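Read-outs: derived from the displayed coordinates by stated rules, not from any lab. Here the Cβ positions follow ideal geometry from the backbone for every residue, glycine too, while neighbour counts run over all protein chains shown.
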Amino acid sequence: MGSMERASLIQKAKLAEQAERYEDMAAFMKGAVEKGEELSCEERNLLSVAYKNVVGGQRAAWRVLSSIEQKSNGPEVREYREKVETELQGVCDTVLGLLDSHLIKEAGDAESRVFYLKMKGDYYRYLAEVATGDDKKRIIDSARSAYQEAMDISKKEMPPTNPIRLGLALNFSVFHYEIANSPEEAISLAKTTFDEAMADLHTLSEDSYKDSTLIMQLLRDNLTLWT
Amino acid sequence: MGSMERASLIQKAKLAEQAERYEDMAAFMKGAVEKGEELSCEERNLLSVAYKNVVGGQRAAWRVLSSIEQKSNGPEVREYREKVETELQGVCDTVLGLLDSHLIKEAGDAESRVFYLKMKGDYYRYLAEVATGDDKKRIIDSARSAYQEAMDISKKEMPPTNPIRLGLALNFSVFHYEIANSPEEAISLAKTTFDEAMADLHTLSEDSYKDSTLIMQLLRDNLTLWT
Amino acid sequence: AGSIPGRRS
Amino acid sequence: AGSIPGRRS
Ligand SMILES: *Cc1ccc(S(=O)(=O)N(C)C)cc1
Ligand SMILES: *Cc1ccc(S(=O)(=O)N(C)C)cc1
Ligand SMILES: [Ca+2]
Ligand SMILES: [Ca+2]
Ligand SMILES: [Cl-]
Ligand SMILES: [Cl-]
Ligand SMILES: [Cl-]
Ligand SMILES: [Cl-]
C-alpha cells in the first residue's frame with residue numbers, strides 16, 4: 001500500500017472495521033505499519049483487531065476441517081485442511097514479521113512493548129495450535145518466551161488492573177492450559193491475576209473499573225470451566 | 001482449478017460450506033462449472049449458495065460505506081466504497097459469465113433453466129443496486145428480462161408450490177419493489193403467488209409441504225411490510 | 001423487504 | 001477456555 005498516505009490507511013482501516021471487511025482492515029493496517037512510524041494506542045488496537053478477526057476465521061475453519069479429517073480416520077479433506085492451515089500460517093508469519101520488523105524493537109514504553117509482546121505470544125500460540133512436526137516444541141517455547149517477557153515488564157511497569165496486563169495474563173493462562181499441558185499453572189495464574197486486580201479496583205474511576213472488571217470476568221469464566 | 005478433478009471440486013465445495021469459507025466454496029464451484037458438464041440439482045444449489053454468501057457480504061459492506069458516504073455529503077470514504085463496489089461488480093460479472101458460458105444454453109429441463117435464469121435476474125439486480133450511470137436502465141431491463149423469461153417457463157412447466165417457482169416470484173417481487181419502483185406490481189405478484197400456492201398445498205407430501213410453506217411465509221412477510 | 005436468503009445448503 | 005475476544009474496536 002506504498003502509494004497511500006499513512007492517515008488514509010488508518011481512516012480506511014476504521015471504515016473496513018465498520019463494514020466488517022477484516023481482510024481489508026488487516027491489509028490497510030499492514031500498510032500503515034510498513035510506513036515505519038510507531039503506532040499510537042488506538043492504531044495498535046486497530047492492527048490487533050484486524051488480524052484477530054482474520055486469523056479467527058481461519059482457526060474456526062481449520063477446527064471444522066480437522067474434526068472432519070479425524071472422523072474420516074480420498075485425499076480431499078486432508079488437502080483442504082492443509083490449504084487452510086497454510087493460509088493461517090502465512091497470516092501468523094505476516095504478523096510476526098511486522099512485530100519483528102520493526103514494531104517491537106522501537107517500542108520503548110511499557111504499554112506498547114507489552115502490547116506487541118503479547119501479540120507475539122498470541123500468534124506463536126496460533127502456530128502451535130496447528131503444529132505437529134519437528135518444530136512444535138520450538139514454536140511453543142517461542143510463544144512462552146514472548147508471553148514471559150511481556151509478563152515480566154507488565155508486573156514491573158503496570159498496575160494489576162491494567163487491561164493490557166489482564167488480557168496478557170488471561171491469554172498466557174490459556175496458553176498454559178491449552179498448549180503447554182500445564183493446567184495447574186493456568187489456574188494459578190488466572191487466580192492470582194484475578195485476586196490482585198480485585199484488590200486494586202478501589203483506585204479506579206467508574207470507566208476504568210468497567211474496563212478492568214470486564215476482563216476479570218473472563219478470568220473467572222475460565223476458572224469456572226477449569227475447576 | 002483446471003488440474004483438480006470435478007468430483008474433488010464438488011467435495012471441497014461442500015467442505016468449504018461446512019467451514020463457512022464461502023470465497024473458497026465459490027472458487028471450487030466456479031472450477032466445477034468450467035469443467036463443462038451440466039450441473040445436478042444439488043450442484044446448482046452449491047453454486048448458488050456459494051456466490052450468494054460472497055456477494056451478500058459485499059452488498060452488506062457496500063451499504064455500510066454508502067451510508068457513511070451520504071452522511072459525509074477527504075476522498076477516502078468514496079475511494080473505499082468504490083473499491084468494494086468494483087469487487088462486487090466483478091463477482092456479479094463472474095457469475096453472469098458462468099451463466100452465459102455455458103450454463104443457460106445447455107439447460108433444457110425446466111428446473112435447471114428456471115434456476116439459472118433466476119440467478120441471472122438476481123445478479124443483474126445486484127448490479128442495479130449499485131448502478132448510477134448511463135447503464136442503470138439497461139441493467140434493470142436485463143434483470144427484468146431474465147426474471148420474466150424464468151416466470152414464463154415456471155408458469156408453464158412447474159406447479160404453483162414448486163420452491164424454485166416460489167423463490168423466483170419472491171425475488172422478482174423484490175425486484176419490482178426495490179429496483180423498478182413498482183410497489184403495486186410487487187404486491188400483486190406476491191399476493192397471487194401466495195394464493196395460488198396455498199390452493200395447491202393439498203397435493204403435497206409432509207416434506208414438500210414444509211419446503212413450500214417456508215417460502216410462502218417469506219412472501220407473507222414482505223406483504224406485511226409493504227401493506 | 002427480503003429476497004430468499006439462499007445462503008445455506 | 002476463552003482467550004480475550006479482541007475482535008471489536
Ligand atoms: C489483549 C487485549 C487486552 C485488553 C483489551 S481491551 O478490550 O480491554 N482494550 C482495547 C484495552 C484488548 C486486547
Ligand atoms: C431461489 C431459491 C428458491 C428456493 C430455494 S430452497 O431453499 O427452497 N431449495 C434449495 C429448493 C433456494 C433458492
Ligand atoms: Ca506521507
Ligand atoms: Ca476428470
Ligand atoms: Cl485444496
Ligand atoms: Cl520508541
Ligand atoms: Cl481504497
Ligand atoms: Cl441439457
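Scanning segment B:106-126 for residues that are among the aliphatic types (A, V, I, L, M) and within 12 Å of ligand 8 (Cβ to nearest atom) turns up B:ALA107, B:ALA110.
Here A:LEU65 fulfils each of the conditions (1) more than 25 Å from A:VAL130 (Cβ to Cβ); (2) within 16 Å of ligand 5 (Cβ to nearest atom) apart from (1). Pairing residues of segment A:114-133 that are more than 14 Å from chain D (Cβ to nearest Cβ) with residues that are among the acidic types (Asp, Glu) and within 16 Å of ligand 5 (Cβ to nearest atom), at Cβ distances under 6 Å and at least 6 apart in sequence or on separate chains, gives A:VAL130/A:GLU85. Can you confirm whether segment B:86-94 contains a residue that is within 14 Å of another protein chain (Cβ to nearest Cβ), away from ligand 6 (no atom under 16 Å from the Cβ), surrounded by 15 or more Cβ atoms within 10 Å (Cβ to Cβ) and not β-branched (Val, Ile, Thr)? Yes.
Run down B:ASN53, B:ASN45 and say which single residue is in contact with a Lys or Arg (Cβ under 6 Å, 6 or more places away or on another chain), within 16 Å of ligand 2 (Cβ to nearest atom) and more than 12 Å from chain A (Cβ to nearest Cβ).
Details: B:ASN45 fails: in contact with a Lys or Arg (Cβ under 6 Å, 6 or more places away or on another chain).
Answer to the selection: B:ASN53.
Picking from residues in segment A:131-143 that are surrounded by fewer than 21 Cβ atoms within 10 Å (Cβ to Cβ) and part of a helix (DSSP H, G or I), the one that is farthest from ligand 2 (Cβ to nearest atom) is A:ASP141. Of all the criteria given as (1) away from ligand 5 (no atom under 16 Å from the Cβ); (2) assigned to a helix (DSSP H, G or I); (3) within 30 Å of A:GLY74 (Cβ to Cβ), the one not satisfied by B:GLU38 is (2).
Check whether at least one residue in segment A:89-99 is at negative phi and in contact with a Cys (Cβ under 8 Å, 6 or more places away or on another chain), and report yes or no. No, there is no match, as no residue in segment A:89-99 is at negative phi and in contact with a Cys (Cβ under 8 Å, 6 or more places away or on another chain). The residues on offer are B:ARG78, B:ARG21, B:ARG44, and the sole one that is surrounded by 19 or more Cβ atoms within 10 Å (Cβ to Cβ), over 28 Å from B:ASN162 (Cα atoms) and among the charged types (D, E, K, R) is B:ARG21.
Residues in segment B:100-130 that are assigned to a loop (DSSP other than H, G, I, E, B) and surrounded by 13 or more Cβ atoms within 10 Å (Cβ to Cβ): 3 in all.
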